[PDB]
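Visitor: Just one file: structure16.pdb, with PDB, C-alpha atoms.
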```
ATOM      1  CA  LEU A  57     -69.502  87.595 -20.144  1.00  0.00           C
ATOM      2  CA  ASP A  58     -70.983  85.749 -23.018  1.00  0.00           C
ATOM      3  CA  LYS A  59     -73.881  88.156 -22.944  1.00  0.00           C
ATOM      4  CA  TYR A  60     -71.571  91.198 -22.936  1.00  0.00           C
ATOM      5  CA  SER A  61     -69.244  89.572 -25.466  1.00  0.00           C
ATOM      6  CA  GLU A  62     -72.207  88.735 -27.677  1.00  0.00           C
ATOM      7  CA  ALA A  63     -73.902  92.057 -27.038  1.00  0.00           C
ATOM      8  CA  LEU A  64     -70.559  93.440 -28.053  1.00  0.00           C
ATOM      9  CA  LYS A  65     -70.090  91.326 -31.120  1.00  0.00           C
ATOM     10  CA  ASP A  66     -73.530  92.552 -32.114  1.00  0.00           C
ATOM     11  CA  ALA A  67     -72.980  96.190 -31.118  1.00  0.00           C
ATOM     12  CA  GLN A  68     -69.623  95.920 -32.812  1.00  0.00           C
ATOM     13  CA  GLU A  69     -71.033  94.229 -35.909  1.00  0.00           C
ATOM     14  CA  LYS A  70     -73.843  96.718 -36.040  1.00  0.00           C
ATOM     15  CA  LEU A  71     -71.069  99.279 -35.618  1.00  0.00           C
ATOM     16  CA  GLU A  72     -68.988  97.830 -38.408  1.00  0.00           C
ATOM     17  CA  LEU A  73     -72.140  97.862 -40.512  1.00  0.00           C
ATOM     18  CA  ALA A  74     -73.071 101.399 -39.361  1.00  0.00           C
ATOM     19  CA  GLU A  75     -69.497 102.485 -39.857  1.00  0.00           C
ATOM     20  CA  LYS A  76     -69.586 100.785 -43.224  1.00  0.00           C
ATOM     21  CA  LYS A  77     -72.862 102.464 -43.941  1.00  0.00           C
ATOM     22  CA  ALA A  78     -71.214 105.711 -42.926  1.00  0.00           C
ATOM     23  CA  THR A  79     -68.110 104.853 -44.943  1.00  0.00           C
ATOM     24  CA  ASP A  80     -70.131 104.055 -48.004  1.00  0.00           C
ATOM     25  CA  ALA A  81     -72.558 106.883 -47.358  1.00  0.00           C
ATOM     26  CA  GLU A  82     -69.523 109.109 -46.945  1.00  0.00           C
ATOM     27  CA  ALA A  83     -67.943 107.541 -49.975  1.00  0.00           C
ATOM     28  CA  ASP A  84     -71.085 108.769 -51.610  1.00  0.00           C
ATOM     29  CA  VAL A  85     -71.128 112.092 -49.780  1.00  0.00           C
ATOM     30  CA  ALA A  86     -67.770 112.493 -51.439  1.00  0.00           C
ATOM     31  CA  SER A  87     -68.810 110.948 -54.788  1.00  0.00           C
ATOM     32  CA  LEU A  88     -71.793 113.207 -54.739  1.00  0.00           C
ATOM     33  CA  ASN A  89     -69.677 116.171 -53.847  1.00  0.00           C
ATOM     34  CA  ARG A  90     -67.389 115.277 -56.676  1.00  0.00           C
ATOM     35  CA  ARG A  91     -70.326 115.034 -59.046  1.00  0.00           C
ATOM     36  CA  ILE A  92     -71.848 118.172 -57.588  1.00  0.00           C
ATOM     37  CA  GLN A  93     -68.679 120.047 -58.080  1.00  0.00           C
ATOM     38  CA  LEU A  94     -68.137 118.555 -61.483  1.00  0.00           C
ATOM     39  CA  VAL A  95     -71.652 119.483 -62.463  1.00  0.00           C
ATOM     40  CA  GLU A  96     -71.554 122.859 -60.618  1.00  0.00           C
ATOM     41  CA  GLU A  97     -68.267 123.464 -62.350  1.00  0.00           C
ATOM     42  CA  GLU A  98     -69.772 122.444 -65.668  1.00  0.00           C
ATOM     43  CA  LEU A  99     -72.700 124.692 -64.754  1.00  0.00           C
ATOM     44  CA  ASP A 100     -70.522 127.596 -63.821  1.00  0.00           C
ATOM     45  CA  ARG A 101     -68.602 126.923 -66.970  1.00  0.00           C
ATOM     46  CA  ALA A 102     -71.838 126.617 -68.885  1.00  0.00           C
ATOM     47  CA  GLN A 103     -72.700 129.990 -67.373  1.00  0.00           C
ATOM     48  CA  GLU A 104     -69.196 131.370 -68.141  1.00  0.00           C
ATOM     49  CA  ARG A 105     -69.540 129.985 -71.613  1.00  0.00           C
ATOM     50  CA  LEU A 106     -73.072 131.310 -71.670  1.00  0.00           C
ATOM     51  CA  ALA A 107     -71.948 134.702 -70.575  1.00  0.00           C
ATOM     52  CA  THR A 108     -69.281 134.370 -73.222  1.00  0.00           C
ATOM     53  CA  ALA A 109     -71.786 133.073 -75.780  1.00  0.00           C
ATOM     54  CA  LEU A 110     -74.035 135.962 -74.885  1.00  0.00           C
ATOM     55  CA  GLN A 111     -71.099 138.360 -75.118  1.00  0.00           C
ATOM     56  CA  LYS A 112     -70.142 136.716 -78.402  1.00  0.00           C
ATOM     57  CA  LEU A 113     -73.816 136.906 -79.311  1.00  0.00           C
TER
ATOM     58  CA  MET B 155     -75.311 145.389-121.902  1.00  0.00           C
ATOM     59  CA  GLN B 156     -75.768 143.200-118.810  1.00  0.00           C
ATOM     60  CA  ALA B 157     -74.910 139.750-120.190  1.00  0.00           C
ATOM     61  CA  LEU B 158     -71.440 139.259-118.724  1.00  0.00           C
ATOM     62  CA  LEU B 159     -72.454 140.504-115.280  1.00  0.00           C
ATOM     63  CA  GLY B 160     -75.464 138.203-115.244  1.00  0.00           C
ATOM     64  CA  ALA B 161     -73.279 135.282-116.264  1.00  0.00           C
ATOM     65  CA  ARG B 162     -70.669 135.933-113.591  1.00  0.00           C
ATOM     66  CA  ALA B 163     -73.328 136.328-110.917  1.00  0.00           C
ATOM     67  CA  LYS B 164     -74.990 133.058-111.895  1.00  0.00           C
ATOM     68  CA  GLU B 165     -71.700 131.146-112.007  1.00  0.00           C
ATOM     69  CA  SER B 166     -70.501 132.539-108.671  1.00  0.00           C
ATOM     70  CA  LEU B 167     -73.704 131.823-106.782  1.00  0.00           C
ATOM     71  CA  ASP B 168     -73.747 128.397-108.428  1.00  0.00           C
ATOM     72  CA  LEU B 169     -70.247 127.655-107.128  1.00  0.00           C
ATOM     73  CA  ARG B 170     -71.250 128.691-103.622  1.00  0.00           C
ATOM     74  CA  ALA B 171     -74.403 126.592-103.842  1.00  0.00           C
ATOM     75  CA  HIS B 172     -72.417 123.591-105.072  1.00  0.00           C
ATOM     76  CA  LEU B 173     -70.001 123.748-102.165  1.00  0.00           C
ATOM     77  CA  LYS B 174     -72.880 124.120 -99.713  1.00  0.00           C
ATOM     78  CA  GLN B 175     -74.718 121.204-101.343  1.00  0.00           C
ATOM     79  CA  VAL B 176     -71.728 118.879-101.225  1.00  0.00           C
ATOM     80  CA  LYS B 177     -71.000 119.670 -97.577  1.00  0.00           C
ATOM     81  CA  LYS B 178     -74.670 119.529 -96.597  1.00  0.00           C
ATOM     82  CA  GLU B 179     -74.928 116.074 -98.159  1.00  0.00           C
ATOM     83  CA  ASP B 180     -72.325 114.784 -95.722  1.00  0.00           C
ATOM     84  CA  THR B 181     -73.936 116.600 -92.820  1.00  0.00           C
ATOM     85  CA  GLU B 182     -77.324 115.183 -93.808  1.00  0.00           C
ATOM     86  CA  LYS B 183     -76.499 111.503 -94.401  1.00  0.00           C
ATOM     87  CA  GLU B 184     -76.820 110.445 -90.755  1.00  0.00           C
ATOM     88  CA  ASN B 185     -77.386 113.001 -88.006  1.00  0.00           C
ATOM     89  CA  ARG B 186     -79.057 111.616 -84.883  1.00  0.00           C
ATOM     90  CA  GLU B 187     -77.638 108.171 -85.626  1.00  0.00           C
ATOM     91  CA  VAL B 188     -74.201 109.582 -84.830  1.00  0.00           C
ATOM     92  CA  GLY B 189     -75.689 110.787 -81.546  1.00  0.00           C
ATOM     93  CA  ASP B 190     -74.484 110.576 -77.957  1.00  0.00           C
ATOM     94  CA  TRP B 191     -74.077 107.878 -75.306  1.00  0.00           C
ATOM     95  CA  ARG B 192     -74.808 107.580 -71.576  1.00  0.00           C
ATOM     96  CA  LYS B 193     -71.811 106.641 -69.360  1.00  0.00           C
ATOM     97  CA  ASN B 194     -73.682 106.063 -66.111  1.00  0.00           C
ATOM     98  CA  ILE B 195     -71.748 106.363 -62.840  1.00  0.00           C
ATOM     99  CA  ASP B 196     -72.548 104.703 -59.514  1.00  0.00           C
ATOM    100  CA  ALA B 197     -69.489 105.476 -57.357  1.00  0.00           C
ATOM    101  CA  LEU B 198     -70.046 102.283 -55.349  1.00  0.00           C
ATOM    102  CA  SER B 199     -73.045 104.025 -53.788  1.00  0.00           C
ATOM    103  CA  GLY B 200     -75.093 100.843 -53.903  1.00  0.00           C
ATOM    104  CA  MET B 201     -72.748  99.059 -51.526  1.00  0.00           C
ATOM    105  CA  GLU B 202     -74.587  96.386 -49.592  1.00  0.00           C
ATOM    106  CA  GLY B 203     -71.870  94.878 -47.404  1.00  0.00           C
ATOM    107  CA  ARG B 204     -69.269  92.155 -47.806  1.00  0.00           C
ATOM    108  CA  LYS B 205     -68.289  90.704 -51.183  1.00  0.00           C
ATOM    109  CA  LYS B 206     -66.930  87.399 -52.445  1.00  0.00           C
ATOM    110  CA  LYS B 207     -63.910  89.080 -54.027  1.00  0.00           C
ATOM    111  CA  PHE B 208     -60.779  89.324 -51.916  1.00  0.00           C
ATOM    112  CA  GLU B 209     -59.993  93.052 -52.119  1.00  0.00           C
ATOM    113  CA  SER B 210     -62.120  93.710 -49.044  1.00  0.00           C
TER
END
```
Now that the file is in, can you turn its structure into structure tokens?

Guide:
Amino acid sequence: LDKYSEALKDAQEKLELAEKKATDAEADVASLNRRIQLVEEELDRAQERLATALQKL
Amino acid sequence: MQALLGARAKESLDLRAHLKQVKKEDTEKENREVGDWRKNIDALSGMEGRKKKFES
């Protein structure tokens, strides 16, 4: 029991840490997707503004 | 024959040059020194685990 309880506190702690890693990694998948979309949007806008600048050119 | 026309041309171009000079002075004073900044973002991506603060 102590071995399963301890194996569990460790599987569970490793899990909280892996889940945290996933949570934080996911927080970053999301922060990266926000930056990617902000930058892709600025890029598409740079390209819209470029197409416009080129049209205005 | 051409005196008045020469005078008006000189005065007009001089006025344009004066306005361009006075504005270009201001544009020239400091140019890169009024440059940009950085604003770095992390988005908590460097999270390492638990923290002393009580929010978590």

Visitor: What does the distance between CA of residue 159 in chain B and CA of residue 171 in chain B come to in Å, to one decimal place?

Guide: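 If I compute the distance from CA of residue 159 in chain B to CA of residue 171 in chain B, I get 18.1 Å.
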
Visitor: Taking only C-alpha atoms into account, report as a list in words which residues of chain B lie within 8 Å of chain A.

Guide: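 Interface list for chain B against chain A: residues 197, 198, 199, 201 and 203 of chain B.
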
Visitor: Any idea what the distance is between CA of residue 181 in chain B and CA of residue 169 in chain B?

Guide: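 Between these atoms lies a distance of 18.5 Å.
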
Visitor: Kindly give the distance, in Å, that separates CA of residue 75 in chain A and CA of residue 194 in chain B, rounded to a single decimal.

Guide: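 So the answer is 26.8 Å.
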